[PDB]
Amino acid sequence: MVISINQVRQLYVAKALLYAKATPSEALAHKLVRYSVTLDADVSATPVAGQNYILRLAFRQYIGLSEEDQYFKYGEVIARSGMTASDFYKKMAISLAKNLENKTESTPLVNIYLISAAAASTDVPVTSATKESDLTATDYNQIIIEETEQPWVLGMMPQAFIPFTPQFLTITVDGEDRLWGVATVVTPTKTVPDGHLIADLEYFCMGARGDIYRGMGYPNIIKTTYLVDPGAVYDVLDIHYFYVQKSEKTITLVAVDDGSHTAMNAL
Amino acid sequence: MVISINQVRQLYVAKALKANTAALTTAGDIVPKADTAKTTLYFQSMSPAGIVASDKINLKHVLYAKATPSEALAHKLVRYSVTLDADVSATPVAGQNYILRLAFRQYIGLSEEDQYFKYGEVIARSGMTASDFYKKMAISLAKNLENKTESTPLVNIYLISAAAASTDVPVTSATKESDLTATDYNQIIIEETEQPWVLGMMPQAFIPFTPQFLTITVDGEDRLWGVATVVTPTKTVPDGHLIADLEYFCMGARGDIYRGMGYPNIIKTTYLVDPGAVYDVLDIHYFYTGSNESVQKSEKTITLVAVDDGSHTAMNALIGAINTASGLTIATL
Amino acid sequence: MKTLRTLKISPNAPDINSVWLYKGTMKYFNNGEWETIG
């Protein structure tokens, strides 16, 4: 994608062997935002048997670039007389997954998980194909709604994300209308790797030395071999130097990360 | 019952299998004839007015040959088990009206837009249990559905006792609840019935159905009171009303197309299918190609039906006579 | 669900959409019965 340059940036791939500083791959991984949705104990710890429980997700940057491009997806479950707290979180995570993670939606929006009380660190995935028979446990204490990695085309569609905000409608408690839940940003668990951010960076910074007209006029082009695999994770070195008036310059060196920081600690 | 054809289709009833042309003496006899080179197969049979041969099947120009048992062609009647929804209430809540709408979808007309609805209603009482609900529900359903002076029967109603659990308790309009004495009823089975049939004029057709429930006010909540699931079928409509219609059509490709029309001035065809007997069907589908430029195929089939008693005796002997004459490899059902 | 807008003081029973008041016991018609409040 197009980046802001300090008059140049040139990327060289280290596939085999002012300031200079190496960036690890954990630093360039976008930690996907998690929201934890519960029933607040101020209103009730039990679903009120007559009410409609509706959750609104308020997305931003849906298709355009602005926070005025707002997308609203809804989950709903009407409570019953014998509904427990775990029957509520099961039936809403089914209802959120049918609206958000179905077959028809043009883009991925969010991931929906159900945390069990016995397995607090293990999140079970819920999709639109998931039925109520698969969610067999009777101890569900929260619902986790987590961001997704959007589709990515090399140099034509950059890595960008759709932020969201789980919001709640009002249920009637004792003749007064109160919000039914609490959303909390817990610490993130799973990230997005570096392979899609470096391969677009290498797509851009190699036009600094070579073809700027990439595929314009397709039968008459100069095809350039790119040396970054988007399925890996890369550690990034970044040397910023210059040349009366300075002309500042940048070199970016990428190398594959096998989990320890070898080949960039070897550079 | 008009059927589709790829091209012309001929049927031959195999009521007895012989081994020579000379043994054909009674109406319904058949013998598969062939060469010693196995390049031509035909079926000599005894018509009700003499010996008649079939078409000559080129044994190089066969497309498929398959034999269908009787139980493959037996229609399984659809059963629906109506129970009280345990999430709503497993016992009838007092003073509520329990109405059930059976939605028929292919009533007299031929489309899904010709629909019909029959209702059953029970107002629950203070001490009414689940079994006393299913008793009064099935008495009310059979009173509406199975009146004697209806035009056609629609569905059959059957209680099930929870002690028996596999024997259907038939409920009709003449049935009183003095006859229904069991105290452990757990479901109401609603099962579709076999419509009337006239050969050629009225085909074998069925009116499908779904039970639907109106809502009751349980705890201030309008909840629909029951669930209706489809249990496995336990009855079958036999093959006999389907093959006699398959013979009534295929006796105009050989015989007369004008069946009955200017009534005393007709040829009357004798049909060798007993409609109260099951049959097995064999479809030998083949074609003809001409000499030089007439290479378009005339894809036709010759049907053979044999009455079978449990184990398929008469068809497997028919196939065994065809397989040794033709050199074919028709599989034996 | 069912709203009642009257309260009736009578030894006899009122109409079923009314509250039965008699000397210190309050009743109301629910589920086909006059249900004592107390």
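Residues numbered from 1 in each chain as written, not as in the entry; some residues may be left out. Chains lettered and ligands numbered in written order. Part of a larger assembly, values for the part shown. Heavy atoms only, no water.

As deposited, the entry is annotated with cryo-EM as its determination method and 3.32 Å as its resolution.

**Student:** Residues and numbers for the overall build of chain C, please.
**Tutor:** A tally of helices and strands in chain C yields 0 helices and 4 strands. Considered along the principal axes of its C-alpha atoms, chain C spans approximately 30 × 20 × 15 Å. Evaluated residue by residue, chain C yields a buried proportion of 13% over its 38 residues. Long-range pairs, those at least 24 residues apart, make up 2% of the contacts in chain C between residues at least 6 apart in sequence. Total accessible area on chain C is roughly 3,200 Å²; 53% of this is exposed by carbon and sulfur atoms. (Helix = DSSP H or I, 4+ residues; strand = E, 2+ residues; numbered from the N terminus. Buried < 20%, exposed > 50% of the residue type's maximum accessible area, 1.4 Å probe, protein only. Contact = heavy atoms within 4.5 Å. Areas by Shrake-Rupley, 256 points an atom, 1.4 Å probe, with all protein chains shown as cover.)

**Student:** Could you give me a rundown of the packing of aromatic side chains, with the residues and numbers involved?
**Tutor:** Residues and elements named next belong to chain A. Considering all chains together, one arrives at 22 aromatic pairs over all chains under this definition. Ring centres of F168 and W180 lie 4.9 Å apart, and the angle between their planes is 75 degrees; this geometry places the pair in the edge-to-face category. Taken as a pair, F168 in strand β9 (residues 166–168) and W180 in the loop between β11 (177–179) and β12 (181–186) lie far apart in primary sequence, 12 residues in all. Here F168 falls in the buried class, since its relative accessible area comes to 9%. Given a relative accessible area of 0%, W180 falls into the buried group. (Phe/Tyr/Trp six-rings, centres within 6.5 Å; stacked < 30°, edge-to-face > 60°.)

**Student:** Can you lay out the sheet that holds strand β2 (residues 16–17) of chain B for me, pointing to particular residues and giving the numbers?
**Tutor:** Residues and elements named next belong to chain B. Read across the sheet, 4 strands follow the order β2-β3-β4-β5 without closing on themselves; strand pairing throughout is mixed. Only two strands of the sheet have a single neighbouring strand rather than two, namely β2 and β5 (50–53). With 5 bridges joining them, strand β3 (residues 29–34) and strand β4 (residues 41–47) adopt antiparallel strand pairing. Bridging from a neighbouring strand, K33 pairs with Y42 of β4. Strands in contact with helix α3 (residues 313–326) are β2, β3 and β4; relative to β3, the strand with the most contacts, it is inclined by about 20 degrees. (Pairing = 2+ DSSP bridges. Axes fitted to C-alpha atoms, helices over the stretch in contact; angles between N-to-C directions.)

**Student:** Which residues make up the nonpolar core, and what are the values?
**Tutor:** Formed by 37 residues in total, the largest nonpolar core has its most connected members in A:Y53 and A:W180. Of all the secondary-structure elements, those providing two or more residues to this core are β3 (34–39), β4 (52–58), α1 (85–100), β6 (110–116) and β8 (140–147) of chain A. Considering each element in turn, this core owes the most residues, 8 residues, to α1(A). Among all residues touching A:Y53, those that are not within four sequence positions of it are A:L39, A:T46, A:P47, A:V48, A:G75, A:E76, A:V77, A:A79, A:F88, A:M92, A:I171 and A:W180. In terms of nonpolar packing, the next biggest core, distinct from the first, is built from 36 residues, B:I139, B:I188, B:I216 and B:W225 among them. (Core = buried A, V, L, I, M, F, W, Y, C linked by side-chain atoms within 4.5 Å.)

**Student:** Tell me what's going on with the side chain of B:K300, and back it up with residues and numbers.
**Tutor:** Residues and elements named next belong to chain B. Tracing the sequence through the fold places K300 in strand β20 (residues 300–307). For the buried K300, which has no salt bridge, the nearest side chain bearing the opposite charge is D55, at an N-O separation of 4.4 Å. Apart from the residues lying within four places of it in its own chain, the contact partners of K300 are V8, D55, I284, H285, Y286, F287 and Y288. (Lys, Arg positive; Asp, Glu negative; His and termini not counted. Salt bridge = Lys/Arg side-chain N within 4 Å of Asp/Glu carboxyl O.)

**Student:** Any details on the pattern of salt bridges? Residues and values, ideally.
**Tutor:** Residue and element names in this part refer to chain B. Under the criterion given, the structure shown has 13 salt bridges over all chains. Of the charged contacts in the structure, one is a salt bridge between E112 and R105, with a shortest N-O distance of 3.1 Å. In this structure, a network of salt bridges that share partners links the residues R79, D168, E191 and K235.

**Student:** Before we move on, can you summarise the sheet that holds strand β14 (residues 209–213) of chain B with the specific residues and values?
**Tutor:** Note on sheets: strands pair through backbone hydrogen bonds, and any given pair is parallel or antiparallel. Residues and elements named next belong to chain B. Pairing is antiparallel across the open sheet formed by 3 strands, whose spatial order is β10-β9-β14. Two strands close off the open sheet at either side, each with one partner strand: β10 (116–123) and β14. Averaged over all pairs of adjacent strands, the angle between strand axes in this sheet comes to 20 degrees, irrespective of strand direction. Two strands pair when backbone bridges link them, and strand β9 (residues 97–104) and β10 are joined in this way by 8 bridges, in the antiparallel orientation. Among the inter-strand pairings, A103 is bridged to a residue of β10, identified as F117. Helix-sheet contacts for helix α1 (residues 130–145) involve β9 and β10, and the interaxial angle to β10 is about 145 degrees.

**Student:** Give a description of unusual backbone geometry that names residues and reports values.
**Tutor:** One non-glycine residue, A:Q7, lies in positive phi territory at about 75 degrees. Structurally, A:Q7 can be placed in the segment before β1 (10–13). A positive phi angle, close to 55 degrees, is found at B:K38, a residue other than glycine. Positionally, B:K38 belongs in the loop between β3 and β4.

**Student:** Can you explain α1(A)? Please cite residues and give values.
**Tutor:** Each full turn of the α-helix corresponds to 3.6 residues, which orients residues three or four apart in the same direction. Residues and elements named next belong to chain A. Given a rise of 1.5 Å per residue, 16 residues ought to cover 22 Å, and the 22 Å separating the end C-alpha atoms of α1 matches this to within 8%. Along α1, the residues that are buried comprise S86, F88, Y89, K90, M92, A93, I94, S95, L96, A97 and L100. The elements touched by buried residues of α1 are β3, β4, β5 (72–78), β6, β7 (123–126) and β8. Two or three places before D87, at the start of α1, stands the capping residue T84, its side-chain oxygen 3.1 Å from that residue's backbone nitrogen. (Expected span 1.5 Å × (residues − 1). Polar contact = N/O pair within 3.5 Å; in protein donor to acceptor, adjacent residues only side chain to side chain.)

**Student:** Lay out the side chain of B:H61 with the relevant residues and their values.
**Tutor:** With respect to the helices and strands, B:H61 occurs in the loop between β5 and β6 (62–68). Discounting chain neighbours no more than four positions away, the residues touching B:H61 are B:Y286, B:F287 and B:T289.

**Student:** How would you summarise a nonpolar patch on the surface if you had to cite specific residues and measurements?
**Tutor:** A cluster of nonpolar side chains, B:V198, B:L199, B:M201 and B:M202, forms an exposed patch at the surface whose accessible area comes to about 360 Å². Inspection of the secondary structure assignment puts B:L199 in the loop between β13 (185–192) and β14. (Patch = residues over 30% accessible without salt bridge, like charges linked within 9 Å, V, L, I, M, F, W, Y side chains within 5 Å.)

**Student:** Quick rundown of the environment of B:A65? Include the residues and the values.
**Tutor:** All names here are of chain B. With respect to the helices and strands, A65 occurs in strand β6. Each C-alpha atom of the pair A65 and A205 lies 28 Å from the other, and the pair is 140 residues apart in sequence. In contact with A65, other than residues within four places in its own chain, are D283, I284 and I330.

**Student:** Can you break down helix α2 (residues 195–205) of chain A residue by residue, with the values?
**Tutor:** All names here are of chain A. Counting buried residues along α2, 8 of its 11 residues qualify, which places the element largely inside the surrounding structure. Buried residues of α2: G195, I198, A199, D200, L201, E202, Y203 and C205, and no others. Next to the buried residues of α2 lie β1, β13 (234–241) and β14 (249–256).

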